[PDB]
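**Student:** Chains as they are written, first to last, in the deposited numbering: chain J1, 1 to 172; chain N1, 1 to 172; chain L1, 1 to 172; chain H1, 1 to 172; chain d2, 290 to 333; chain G1, 1 to 162; chain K1, 1 to 162; chain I1, 1 to 162; chain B1, 2 to 232; chain 3d, 58 to 153. Backbone N, C-alpha and C fix where the C-beta goes; we use that ideal spot for every residue, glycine too.
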Amino acid sequence: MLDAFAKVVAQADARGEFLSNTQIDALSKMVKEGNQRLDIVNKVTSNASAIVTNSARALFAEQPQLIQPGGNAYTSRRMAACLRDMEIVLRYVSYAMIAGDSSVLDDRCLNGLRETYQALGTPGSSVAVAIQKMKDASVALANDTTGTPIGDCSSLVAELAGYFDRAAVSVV
Amino acid sequence: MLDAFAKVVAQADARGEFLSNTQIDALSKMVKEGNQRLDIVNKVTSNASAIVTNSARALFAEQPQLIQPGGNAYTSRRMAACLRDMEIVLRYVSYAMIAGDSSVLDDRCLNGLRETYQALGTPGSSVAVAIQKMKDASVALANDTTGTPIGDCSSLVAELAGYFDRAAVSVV
Amino acid sequence: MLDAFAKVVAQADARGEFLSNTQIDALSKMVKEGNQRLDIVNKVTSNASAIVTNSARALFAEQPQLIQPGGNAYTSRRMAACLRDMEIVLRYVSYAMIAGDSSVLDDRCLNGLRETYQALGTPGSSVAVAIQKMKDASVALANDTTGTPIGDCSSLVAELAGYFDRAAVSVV
Amino acid sequence: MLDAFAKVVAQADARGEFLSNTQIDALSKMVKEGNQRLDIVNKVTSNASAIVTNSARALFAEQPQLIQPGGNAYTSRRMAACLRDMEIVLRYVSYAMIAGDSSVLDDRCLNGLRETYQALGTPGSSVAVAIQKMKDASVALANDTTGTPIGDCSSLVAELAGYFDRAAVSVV
Amino acid sequence: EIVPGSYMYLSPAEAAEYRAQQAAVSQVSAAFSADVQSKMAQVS
Amino acid sequence: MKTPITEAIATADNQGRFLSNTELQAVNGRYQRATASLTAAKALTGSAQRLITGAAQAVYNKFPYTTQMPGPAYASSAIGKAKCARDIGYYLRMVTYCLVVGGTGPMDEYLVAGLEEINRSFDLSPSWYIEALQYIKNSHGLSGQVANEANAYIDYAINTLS
Amino acid sequence: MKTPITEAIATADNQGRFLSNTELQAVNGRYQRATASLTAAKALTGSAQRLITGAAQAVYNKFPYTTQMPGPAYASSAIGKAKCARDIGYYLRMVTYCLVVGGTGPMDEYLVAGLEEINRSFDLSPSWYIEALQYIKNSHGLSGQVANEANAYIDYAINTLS
Amino acid sequence: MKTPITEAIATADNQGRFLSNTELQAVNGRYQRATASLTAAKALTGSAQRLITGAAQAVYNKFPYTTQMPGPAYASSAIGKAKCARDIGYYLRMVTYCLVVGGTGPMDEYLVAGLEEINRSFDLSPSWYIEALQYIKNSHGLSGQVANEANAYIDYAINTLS
Amino acid sequence: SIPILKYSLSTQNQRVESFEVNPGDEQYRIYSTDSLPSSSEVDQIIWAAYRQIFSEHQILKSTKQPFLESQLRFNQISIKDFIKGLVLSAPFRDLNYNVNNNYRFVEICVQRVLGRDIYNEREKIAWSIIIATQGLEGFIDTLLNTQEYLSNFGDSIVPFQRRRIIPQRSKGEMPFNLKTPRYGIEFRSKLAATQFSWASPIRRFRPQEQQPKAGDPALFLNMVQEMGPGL
Amino acid sequence: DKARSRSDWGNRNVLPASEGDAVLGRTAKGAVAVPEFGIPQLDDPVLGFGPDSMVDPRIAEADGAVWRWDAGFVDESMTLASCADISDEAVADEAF
Ligand SMILES: C=CC1=C(C)[C@@H](Cc2[nH]c(/C=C3N=C(/C=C4\NC(=O)[C@H](C)[C@H]4CC)C(C)=C\3CCC(=O)O)c(CCC(=O)O)c2C)NC1=O
Ligand SMILES: C=CC1=C(C)[C@@H](Cc2[nH]c(/C=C3N=C(/C=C4\NC(=O)[C@H](C)[C@H]4CC)C(C)=C\3CCC(=O)O)c(CCC(=O)O)c2C)NC1=O
Ligand SMILES: C=CC1=C(C)[C@@H](Cc2[nH]c(/C=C3N=C(/C=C4\NC(=O)[C@H](C)[C@H]4CC)C(C)=C\3CCC(=O)O)c(CCC(=O)O)c2C)NC1=O
Ligand SMILES: C=CC1=C(C)[C@@H](Cc2[nH]c(/C=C3N=C(/C=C4\NC(=O)[C@H](C)[C@H]4CC)C(C)=C\3CCC(=O)O)c(CCC(=O)O)c2C)NC1=O
Ligand SMILES: CCC1=C(C)/C(=C/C2=NC(=C\c3[nH]c(/C=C4\NC(=O)[C@H](C)[C@H]4CC)c(C)c3CCC(=O)O)/C(CCC(=O)O)=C2C)NC1=O
Ligand SMILES: CCC1=C(C)/C(=C/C2=NC(=C\c3[nH]c(/C=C4\NC(=O)[C@H](C)[C@H]4CC)c(C)c3CCC(=O)O)/C(CCC(=O)O)=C2C)NC1=O
Ligand SMILES: CCC1=C(C)/C(=C/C2=NC(=C\c3[nH]c(/C=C4\NC(=O)[C@H](C)[C@H]4CC)c(C)c3CCC(=O)O)/C(CCC(=O)O)=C2C)NC1=O
Ligand SMILES: CCC1=C(C)/C(=C/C2=NC(=C\c3[nH]c(/C=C4\NC(=O)[C@H](C)[C@H]4CC)c(C)c3CCC(=O)O)/C(CCC(=O)O)=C2C)NC1=O
Ligand SMILES: CCC1=C(C)/C(=C/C2=NC(=C\c3[nH]c(/C=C4\NC(=O)[C@H](C)[C@H]4CC)c(C)c3CCC(=O)O)/C(CCC(=O)O)=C2C)NC1=O
Ligand SMILES: CCC1=C(C)/C(=C/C2=NC(=C\c3[nH]c(/C=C4\NC(=O)[C@H](C)[C@H]4CC)c(C)c3CCC(=O)O)/C(CCC(=O)O)=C2C)NC1=O
Ligand SMILES: CCC1=C(C)/C(=C/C2=NC(=C\c3[nH]c(/C=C4\NC(=O)[C@H](C)[C@H]4CC)c(C)c3CCC(=O)O)/C(CCC(=O)O)=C2C)NC1=O
C-alpha cells in the first residue's frame with residue numbers, strides 16, 4: 001500500500017527525478033501535523049463500538065423494512081453480519097487516516113464490494129446510508145475537544161470525512 | 001437442503017407468520033402416508049444397479065452413434081462416466097422422494113448441469129432419454145405389489161414420475 | 001500433453017481405425033531424423049543463457065524507451081522479469097522441438113499470456129520483437145556444423161522457426 | 001516470545017500483584033538506556049554481511065578439515081547452509097538485544113538445534129567456535145565510538161555478549 | 290593428489306600407469322612448443 | 001504478548017530480515033511514549049483502593065437490583081460483594097500491565113480470551129463492568145498525555161465488552 | 001499420455017528446468033528401440049483379421065457356456081457375437097497404438113481407465129479377455145526382438161485384467 | 001513499501017483489528033525521526049552531481065580495467081561511461097527516497113529486488129557499486145544524527161550487494 | 002477407476018518467480034507452529050485460519066470449534082488437520098456447502114485452501130465429480146494431498162492468497178472473500194430471502210451531499226479554531 | 058449551506074469535488090499538498106526520463122486513480138481513444 005510520503009516517491013520515480021526543496025518543504029508540513037493526526041484515529045478507535053451501534057440503531061429507526069421478516073438484516077445471523085460490515089468499513093477508513101491516502105481502503109475493502117452486494121441481494125444504497133451515519137458520528141467526535149491541547153486540526157477533519165465519502169460512493 | 005416440512009417453515013418465516021391450521025393438517029397428511037413413501041424408496045434402492053445398467057443398455061441399442069468412434073460414449077473412460085452420471089441422478093431422485101420436495105434434487109444435482117454438458121460436448125438431449133428410461137423402469141417397480149399390503153399409492157407414484165421429469169427438462 | 005507420435009494415434013482412435021502402411025512409414029521417417037532433432041535441442045539449450053541476454057541487449061538498444069525512466073523494463077525487478085519471460089518462452093519452445101508438436105507450448109506457456117500482458121501494461125508488440133530476436137539467434141546456431149556430421153536438416157529448422165513464430169503472434 | 005517489559009508483567013500476574021514503585025523505577029531506567037541500545041543494534045545490523053563472512057573465513061582457516069573433501073562444509077550446498085546458519089543466529093541475537101531478554105532466541109531458533117545437528121552429523125563444537133567468532137567481531141563493533149556521543153554503554157555490551165554465549169553452549 | 294580437493298586412490302602397480310601416461314602427453318607439449326617459432330608466415 | 005517490541009520482531013522475522021530503520025524507529029516510538037505511560041501506571045497503582053471501592057459503588061448506584069435480587073450472580077450477600085470488588089481489581093490491574101508494556105497485550109492474554117463464556121455461564125452482565133470502567137476513566141485524576149495514555153486502555157476494555 | 005518423450009518433458013517442467021542430457025539420453029533410447037516396435041505394429045495390423053477371429057473362436061472353446069446361455073451379456077445371439085469380436089479388436093488396436101508411441105500410453109486413457117466399472121456393470125468376466133489375449137501372444141507369428149515388444153504390451157493388458 | 005506507517009497498518013490488519021496504541025507508537029517514532037531524516041535528503045540531493053561524478057571516478061581508480069577492457073559490460077566507451085554514471089545516480093536516488101519515506105521501502109522495490117539476477121546476466125560485478133557507495137559514505141559531509149540517518153541506508157545497500 | 006479429467010493451465014502470478022529478497026508490507030504473514038508460539042500467539046493462528054476458511058462474517062460464537070482448537074493447543078493435530086476440520090465442520094456445510102452447487106463450491110475451496118484462483122472453467126468441471134462420488138471428506142483429502150499444498154504450505158502453515166500483489170503496484174488482484182461470497186447470482190433469487198435485486202439511491206429533501214465551492218468560508222476555516230501565538 | 062463547521066464534515070458535506078476546492082493546506086483527498094516535481098537525476102537523452110519514457114504503471118495505483126470509486130479514475134470506454142479512426146480505409150470501406 002502507499003502512505004502519503006510514498007505517493008510522492010512513486011510520482012517522482014516514474015519520471016526519474018530527485019525531490020526538490022519545494023517538495024521536501026511540503027513533506028515537513030505533513031510531519032508537523034503528526035500528533036493531531038494520531039489524536040483523530042485515537043478518538044475513532046476508542047469509541048468504535050458506539051460509532052457502529054448508535055448508527056445502526058439510527059439506520060433501522062428510519063428504514064424499518066430492513067429488520068422486518070423478509071428483510072436483509074432480519075434473522076440475527078444477518079443482523080450480526082450487518083454490524084460486521086460497518087466495523088470493517090470503519091476499520092479501513094481508520095487505516096486510510098494514518099496513511100494519509102486511501103489506497104489500503106481502495107483495494108482491500110472497496111474493491112469488488114458493489115458487485116458483492118448485488119450477488120447477495122443486499123441493498124447497496126442502504127449500506128451507503130450506514131456509512132454516512134458513521135461519517136458524522138466520527139466527525140462530531142473529532143471536532144470534540146476533550147483530552148486534547150489547544151490548537152488546530154480542522155483540515156484533518158475535512159480529510160477524515162472525505163474517506164467516508166469515498167467509501168460511500170463505491171457501494172451504491 | 002429442505003424436506004417438505006422445512007419448505008413450509010422457510011416460506012412462513014419470510015412472512016413472519018405462524019403456520020395455519022390447514023398447513024399443519026396438510027403436513028400431518030404426509031405423515032399418514034409415510035409408510036407407503038418408504039416402501040417406494042425401498043423398491044428403488046434395492047434394484048438401483050439394475051435400473052442403471054438396463055436403461056443404459058437400451059440407450060445404446062436405440063442410439064448406436066453414441067458408442068461409435070467419435071461418439072461421446074466411446075472409450076473406456078467416457079463410457080464408465082456415462083454410467084456414473086446415471087447413478088448420480090438416480091441417487092438424487094431418491095433423495096427427493098423421502099424429503100418430499102425437489103430441493104435436494106435442484107440444489108445438489110440439477111443446478112448448472114445443462115451448462116456443464118454444453119462445455120464438455122455431451123449431447124444433452126440423449127441424457128434426457130437415459131433419465132426417461134430410468135423413469136418408467138422405477139415406476140414399474142414402484143407399482144409392484146410384492147411384499148406390501150394392497151392399497152392406493154397412485155398419487156405417490158405420480159410424484160416420483162415428476163421428479164424424473166424435472167431432471168429430464170433441466171438437463172437439455 | 002501430446003508428442004508427434006501420440007498425435008497420430010489420437011487421430012486414428014477417433015475414427016476407430018488401425019494405422020495404415022503410409023502412416024507407419026511416415027512415423028519411421030521421424031525416427032530416422034531423431035538424431036538430427038536431438039542435435040538441434042542440444043545446440044539450443046547449451047547456449048540458452050546467451051540467446052536470452054543478447055536478444056535482450058539488442059532490444060533495449062533498438063527500443064531505448066523501455067529502459068528510460070517510466071519504461072516497462074525500468075527497475076531491477078522489471079528488468080529481471082523481462083529476462084525471466086524470455087527464458088520461459090525459450091524453454092517451452094525447446095520442449096516443443098523434441099515432442100514434435102506445439103501442445104505443451106500452447107497449454108503450459110501461452111494460455112492467457114496475452115491477457116496477462118494487457119492487464120500489466122506490458123507492450124505485447126515489444127515482447128514479439130524479443131521473441132523474433134531469439135528466433136534467429138537460435139536458427140543461426142542450429143545451422144552451425146561445428147560438432148555435427150555434415151548433412152541437410154533444413155526441414156527441422158523450418159519447424160523450429162514455426163514454434164517461435166507461434167509464440168510471437170500469440171502474445172500481442 | 002517476550003521482551004523485558006512483559007517479562008516483569010507475566011511474573012506479577014502469577015501472584016496477582018500490582019507492580020511496586022521499585023519495579024517501575026527499574027523499568028524507566030531501561031527506557032533511558034533505550035537510545036544506547038538502539039545504537040548497538042544498528043551497529044550490528046549494518047555490518048551483518050561482514051560479521052558473517054569474516055568469521056566464516058576465519059573459521060575455515062584454522063579448521064581446514066571442514067572444507068576438505070569429505071568435510072561438513074564441502075559441496076557448496078553445504079557451504080551455503082553454514083553461511084545461513086551463521087546468519088540466522090546473528091539475526092536472532094540482535095532480536096534479543098532490542099527485546100532485552102532471550103525468549104525469541106530460545107524458542108524459534110535454539111530449541112532443538114543440538115538435536116538437529118546431531119541428526120545430520122554436523123560437528124556441533126565447530127558451530128560453537130563460529131558463534132564465538134561473531135561474538136568478538138560485534139563486541140568490538142559496539143565498542144566503536146564512530147558517529148555516537150561519547151558516553152558509557154559497557155553494561156549493554158556485557159549483555160550482548162551473553163546472548164552469544166547462550167547460543168554457543170546450546171549446540172555443543 | 291590431483292588438486293587439493295580431488296584425489297585418486299590407485300594401487301601401486303596402476304599408479305605407475307597413471308604417471309607414465311601423462312609423461313606420454315608431456316612429450317607432445319615439447320612438440321607444440323615449436324608453435325611459437327612459426328608465429329608469422331606459417332603455411333606459405 | 002502483543003507489545004510494540006514483539007510486533008516489530010515478528011514483522012522482521014516474517015520477512016527474513018535484520019532490524020532495519022523501519023523497526024528501530026518503531027521501538028523508538030515506544031521509548032518516547034513510555035515516559036507518559038510509566039507515570040500513569042505509577043499513579044493508578046498508588047490510588048488503586050480509592051478506585052476499586054469507588055467503582056464498585058458506582059455499579060450499585062446505577063444498577064441497584066444487583067444488591068437486592070437474591071441469587072449467586074448478584075452482590076446481595078457479603079460473599080457476592082467481595083467477588084465484585086475482586087473483579088474491579090482484575091480489570092484495573094490489567095490496565096496497569098498494558099501501560100508498562102505498551103499495547104493491549106496483557107489483557108488480550110489474561111482477560112479477553114474466553115471472557116464471553118464466563119459472563120454467559122455465570123450470568124454476569126458486561127454492562128456492570130462498563131459502568132465500573134467509566135468511573136475509573138472519570139476519576140483517576142490524571143491530566144495531559146498521562147491521562148491520554150490511561151484512557152486509551154480503559155476504552156479498549158470497554159470496546160471488548162460493548 | 002505416457003510416451004517417453006512426454007515423460008521426459010514432465011520431469012524437466014516440474015523443476016522448471018531446461019532439457020539436459022538426462023532427457024536427451026531418454027528420448028534416444030526410444031529412437032533406438034522404435035525399429036522393432038514399428039515392425040511389430042505393422043505385422044500385427046497386416047494379420048489382424050486372422051488374429052481377431054482366431055482369438056474369438058478360442059474363448060468359445062474354452063468357455064462354451066457363452067454361446068448357449070441366454071442373456072444380453074453372452075455371445076449366444078448374433079448381436080452378442082458381433083460385440084464380442086468388437087472387443088477383441090479393441091484390445092488389439094490399443095496394442096498397436098502402444099507400439100508406435102512407445103510405452104503404455106494410449107491403452108491407459110482408451111482402454112484401462114474405467115475398465116473395472118464396465119466389467120462390473122455389464123457382467124463381463126475379465127477371464128474371457130485373458131483367454132483371448134493368451135491366444136494372440138501364442139500365435140502372432142513373430143520372433144526375435146519384434147516379438148518382445150509385442151508381448152510387452154500384451155502382458156500389460158493381462159496384468160490389468162488379472 | 002516498508003514505511004513505518006504501512007508496517008503498522010499491516011500488523012493491525014493481520015488480525016482484523018483497529019489501530020491501538022501499539023501501532024500509533026510506531027507511527028510516532030517515524031515523526032520524531034523525520035526531522036533529521038529530511039535534512040539528510042535535502043543535502044544529498046543538492047550535492048547529487050558532485051557525488052555522482054566523484055564516485056564514478058573512484059571506481060575507475062580502484063578498477064582501471066573497467067576503462068580499458070573491450071566489451072559491452074565495461075565503461076570503455078562513451079556509452080559505457082554514460083551508463084555507469086546512470087547507475088551511480090540510481091543508487092544515490094534510492095537512498096534519498098528512503099530518507100523522505102522512513103525505512104527501506106523504495107530501495108527494496110525499485111533497486112534490490114532482482115538485482116542479483118541482473119548483475120549475473122549483464123556481467124556487472126557488484127564490487128564496483130560497493131566502492132561507489134563507500135565513496136558517498138565518506139564524502140557526503142554530514143554529521144550528527146543527520147549522517148547517522150544517511151549512512152544507515154548506504155550501509156543497507158552495501159549489505160545487499162555483499 | 003475413473004481418473005480425474007485433464008484440464009489446461011493458465012498464466013497466473015504464482016506460477017512464476019517474484020525476485021523479492023526482503024519483502025515489504027504486502028508480504029502476507031506466515032502463521033506457523035514451527036515458531037513454537039505461546040498461548041497468546043496460538044490464538045492468532047486460530048483466528049487467521051477461521052478468517053481464511055470461513056469469512057470474517059462467520060467467526061460468530063456459534064461457529065467456533067472449541068474442541069478442534071484444544072487438540073491444536075496440545076500438539077495432537079497439525080494445521081493441515083485444523084484446516085481439514087474446518088471444511089468438514091457443521092457450520093461450513095450449513096452456511097456454504099448448502100447454498101452453492103458443485104462447481105461454485107470447488108472454486109471457493111480452491112481459492113481458500115490452495116490460495117489461488119482456478120485455472121479455467123474446466124478445472125471446476127474436473128473437480129466437482131470428486132464431491133458427488135466421494136463426498137466432502139474425500140474431496141478435501143485429495144485437495145490437501147496435492148503437491149500444490151504440500152510444497153507451499155506443508156502441514157504446519159495456515160494458507161493464504163498466494164501472490165496477490167505485484168511488488169511495484171498499489172492495486173492488486175481482488176481478495177478472494179470479496180471476489181467469491183457465500184452464495185452467488187443463483188440461490189440469490191428467492192432461495193435466500195430476497196426481493197427486487199437492486200435499489201436506487203436514497204432520496205431526501207435535505208440534500209446531505211453538497212460539494213463546497215470556491216468562496217465558501219469553510220475552506221479558509223483552518224486557523225479559525227485558534228490564532229497562533231507570538232509577537 | 059457552506060461547509061462552516063468542522064462538526065458538519067461528518068454530518069452534511071462530503072469532500073471537495075475538484076482540487077481547487079480543497080481545504081486550506083491539503084489536496085482533494087485530504088493529504089498534505091506537496092509539489093509534484095523534484096530535481097531530475099541523470100539529465101540525459103538515452104538514459105533518463107525523456108519525453109517518451111513510458112508511464113509508470115505504479116503511478117496510478119499510487120495515485121489511487123485506478124480504483125473506480127475514487128474521483129481520479131477516468132473510464133476510457135466512452136472517450137475518443139475508443140472510437141475507430143475513420144482515416145483507416147479498412148474501416149471506412151467496410152462501414153460504407
Ligand atoms: C501515542 C499515540 C499518540 C497520540 C494520540 C498523539 C497525542 C498527542 N497530541 C499532542 C498534541 C496536539 N494534539 C492536538 C489535537 C487536537 N487538539 C484539538 O483541539 C483538536 C480537538 C485535536 C485535533 C483534532 C493539537 C492541536 C496539539 C498540539 C499543538 C501543535 O502540535 O501544534 C501531543 C504533544 C505534542 C506536543 O507537545 O507538541 C501528543 C503526545 N501523539 C502520539 O504519539
Ligand atoms: C423402515 C422400514 C419401512 C419400510 C420399507 C416401509 C414399508 C411398509 N409399508 C407398510 C404399510 C403400507 N405400505 C403400503 C404400500 C403399498 N401398497 C400397495 O398396494 C402399493 C403397491 C404400495 C405403495 C406403492 C400401504 C398402502 C400400506 C398401508 C397398510 C394397509 O393399507 O393395509 C408397512 C407395514 C406397516 C403397516 O401395516 O401399516 C411397512 C413395513 N415402512 C417402513 O416402516
Ligand atoms: C545423446 C545425445 C544425442 C545428441 C546431442 C544428438 C547428436 C547426434 N547427431 C548425430 C548425427 C547427425 N546430426 C546431424 C545434424 C546436423 N548436421 C548438420 O550438418 C547440421 C548442422 C545439423 C542439422 C540441423 C546430421 C545431418 C547427422 C547424420 C545423419 C542423420 O542423422 O540423419 C549422431 C550420430 C548418429 C549418426 O551418426 O547418424 C548424434 C549422436 N543425438 C543424440 O543421440
Ligand atoms: C533511529 C534510530 C536511533 C539511534 C541509532 C539512536 C541514536 C542516538 N544515540 C544517542 C545517545 C547515546 N548513544 C550512546 C551509545 C553509545 N555511545 C558510545 O560511546 C558507545 C559506542 C555506544 C554504546 C555502546 C550513548 C552512550 C549516548 C549518550 C551519551 C553519553 O552519555 O555517553 C542519542 C541522543 C539521545 C540520548 O542522549 O539518549 C540518539 C538520537 N537513537 C535512535 O532513535
Ligand atoms: C475486509 C473487506 C470486506 C468487506 C467490506 C466484506 C463484505 C461482505 N459482506 C457480506 C455479507 C453481508 N453483508 C450484510 C450487510 C448488510 N445488509 C443489510 O441489510 C445492511 C444494509 C448491511 C449492513 C448493515 C449482510 C446482512 C450479509 C449476510 C449475507 C448472508 O449470508 O445472508 C459478505 C458475504 C460473505 C459472508 O457473509 O460470509 C462479504 C464478502 N467482506 C470483506 O472481506
Ligand atoms: C451436480 C451433480 C453432478 C452431475 C450430474 C455431474 C456430471 C459430470 N459429468 C461429467 C462427464 C461426462 N458425463 C458423460 C455422460 C454421458 N455422455 C453421454 O454420451 C451419455 C448421453 C451420458 C451418460 C448417460 C460423459 C461421456 C462425460 C465425459 C467423460 C470424458 O469427457 O472423459 C463431468 C466431467 C468430469 C469428468 O470429466 O469425469 C461432470 C462434472 N457432475 C456433478 O457434479
Ligand atoms: C505460463 C508461463 C508464464 C509466463 C510466460 C508468465 C508471465 C508473467 N509475466 C509477468 C510480468 C512481466 N513481464 C514483463 C516482460 C516484458 N516487459 C517488457 O517491457 C518486455 C517487452 C517484456 C519481456 C522482455 C515485465 C517487465 C513484467 C513485470 C513488471 C510489470 O509489468 O510491472 C507476470 C506478472 C507477475 C510478475 O510480474 O511476477 C506474469 C504472470 N507467467 C507464467 O505463468
Ligand atoms: C529455526 C531456524 C532454523 C535453524 C536454526 C535451522 C538449522 C538447520 N541447519 C541445517 C543444516 C546445515 N547446517 C550446516 C552448518 C554448519 N556445518 C558446519 O560444518 C559448520 C560448523 C556449520 C556452519 C558454520 C550445514 C553444512 C548444513 C547442511 C547439512 C546437510 O544438509 O547435510 C538444517 C537441515 C536442512 C538443510 O540441509 O538445510 C536445519 C533444519 N534451520 C532453521 O530453519
Ligand atoms: C483476570 C481475568 C478474570 C475475570 C474477568 C474473572 C471473572 C469472574 N467473575 C466471577 C464471579 C462473580 N463476579 C461477580 C461480580 C458482580 N456481580 C454483581 O452483582 C456485581 C454487580 C459485580 C461486581 C462488580 C459475582 C457476584 C460473582 C459470583 C458468581 C457466582 O458465584 O455464581 C467468576 C466465577 C468464579 C469466581 O471468581 O468465584 C469469574 C471466573 N475471573 C478472572 O480470572
Ligand atoms: C476401447 C475400449 C473399450 C472396451 C474394452 C469396451 C467394452 C464393452 N463391451 C460391452 C458389451 C459386450 N461385450 C460382450 C462381449 C463378450 N461377451 C461374451 O460372452 C463373449 C465371451 C465376449 C466377447 C469376447 C457382449 C456380449 C456385450 C453386450 C453386453 C450387454 O449389452 O449387456 C460394452 C457395453 C456397450 C456395448 O459395446 O454394447 C462396452 C462398453 N468398450 C470400449 O469402448
Ligand atoms: C533503478 C535500479 C536499476 C539499476 C541499478 C540498473 C542497472 C543496470 N545497469 C545496466 C548496464 C550497464 N551498467 C554499466 C555500468 C558499469 N560498468 C562499468 O564498467 C562501470 C564500472 C559501471 C558503472 C559504475 C555498463 C557499462 C552497462 C551496459 C552493459 C550491457 O549493456 O551489456 C543494465 C542493463 C540495461 C542498461 O541499462 O543498459 C541494468 C538493468 N537498472 C535499474 O533499473
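Within the continuous alpha helix (DSSP H) that includes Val100 (chain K1), where are the two ends?
**Tutor:** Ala78 to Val101
**Student:** Might you give, ordered along the chain, the residues of its own chain that have their beta carbon closer than 6 Å to the beta carbon of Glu23 (chain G1), omitting 5 neighbours on each side?
**Tutor:** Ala8 and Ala12
**Student:** Can you find at least 3 beta carbon pairs, one from the segment 126-144 of chain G1 and one from the segment 24-31 of chain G1, that sit closer than 8 Å?
**Tutor:** Short answer: they don't touch.
**Student:** Given 6 Å as the limit, tell me if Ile98 (chain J1) has its C-beta closer than that to any heavy atom belonging to ligand 1.
**Tutor:** no
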